[PDB]
Every structure is written in structure tokens, then in C-alpha cells.
Amino acid sequence: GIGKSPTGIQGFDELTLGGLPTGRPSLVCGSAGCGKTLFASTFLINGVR
Amino acid sequence: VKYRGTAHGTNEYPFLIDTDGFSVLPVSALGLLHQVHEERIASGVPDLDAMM
Ligand SMILES: Nc1ncnc2c1ncn2[C@@H]1O[C@H](COP(=O)(O)OP(=O)(O)O)[C@@H](O)[C@H]1O
Ligand SMILES: [Mg+2]
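So the protein lines, in turn, are chains A and B.
Under the working numbering, think of the first position of the first sequence as 71, with each following residue one higher.
Under the working numbering, think of the first position of the second sequence as 499, with each following residue one higher.
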């Protein structure tokens with residue numbers, strides 16, 4: 071197995087089987103208005119809180 | 499397409515340009531808050547009216 075960092079989003083976390091990889095870069099692609107900035111924001115907020 | 503800072507409608511809303519100008523009657527604004535009345539209306543047919 072590999073390390074994983076939960077992102078607060080329960081559905082996404084259980085879809086990824088733990089969350090985004092820990093210590094590795096993750097890419098969030100999508101046109102304007104898809105929600106990449108909010109994705110990153112909740113990532114950080116949930117990680118801290 | 500993108501409104502930063504708060505929620506908003508995301509569907510495509512058909513609008514019209516008329517004498518007033520822009521008019522938008524979104525189908526998402528309808529709500530089920532209808533005051534009911536206890537009065538009755540007359541259809542004009544006595545038999546049909548008495549049937550109920
Ligand atoms: N309070 C809110 N409630 C629901 N949706 C919101 C709210 N605030 C922002 N959004 C959504 O976030 C979107 C923009 O997110 P953002 O990631 O900052 O832009 P982009 O997706 O271009 O990176 C808006 O299009 C809007 O639908
Ligand atoms: Mg953005």
C-alpha cells in the first residue's frame with residue numbers, strides 16, 4: 071500500500087480509498103468554473119481542521 | 499458560467515427581449531406555497547355542479 075491524505079470530502083476519500091497520495095503532487099484539471107480552486111481550498115481547510 | 503463568491507443558478511435559462519427589455523422567468527423559482535380557499539366555484543352546468 072501507499073500513504074494517503076484525507077481531504078475532508080467523504081465521498082472522494084472513499085472513492086480514492088483514503089484520499090490523495092501523501093508526499094506526491096496531484097493535478098486538478100478542468101475549464102473555468104469547474105471548482106478547482108474550491109477543491110484546493112477545502113483540501114487545505116479540512117487538512118488543518 | 500462562473501460566479502465567484504456565492505451560490506447561483508447553473509442551468510441554461512431561456513430569456514426574452516421585449517418592449518420592457520430583458521425578461522427572465524426561470525423555472526427554478528416556482529415554489530409550492532399556494533394559499534387555499536374554502537369557497538366553491540360554479541361550472542354553469544347544474545347537473546355537473548350537483549354531482550360533486
Ligand atoms: N456558496 C456557494 N455555494 C455553491 N456554489 C458555490 C459557492 N461559492 C462558489 N460556488 C461555485 O464555485 C465556482 C467557482 O469555483 P472556483 O474553483 O473558485 O473557480 P474554478 O472552478 O474556475 O477554479 C462557481 O462557479 C460556483 O458555482
Ligand atoms: Mg479557479
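Beta carbons are placed, not taken as given, at the ideal position from N, Cα and C, and that holds for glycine.
Once DSSP output is grouped into helix, strand and coil, what is the label at residue i?
i                      : result
residue 539 of chain B : coil
residue 108 of chain A : helix
residue 513 of chain B : coil
residue 544 of chain B : helix
residue 114 of chain A : helix
residue 85 of chain A  : helix
For a contact meaning CB atoms closer than 8 Å, what does residue i contact in chain B?
i                      : result
residue 102 of chain A : 499 and 500
Please classify residue i as buried or exposed, where buried requires at least 16 neighbouring CB atoms within 10 angstroms.
i                     : result
residue 89 of chain A : buried
residue 77 of chain A : buried
Give every residue of the same chain whose Cβ lies closer than 7 Å to the Cβ of residue i, excluding the five residues on either side of it in the sequence, and list them in chain order.
i                     : result
residue 72 of chain A : 91
Ignore the nearest five residues each way along the sequence and tell me which others in residue i's own chain have a CB closer than 6 Å to its CB.
i                     : result
residue 98 of chain A : 106 and 109
Does the contact criterion of 3 or more C-beta pairs under 8 Å hold for the stretch 110–117 of chain A versus the stretch 78–86 of chain A? yes
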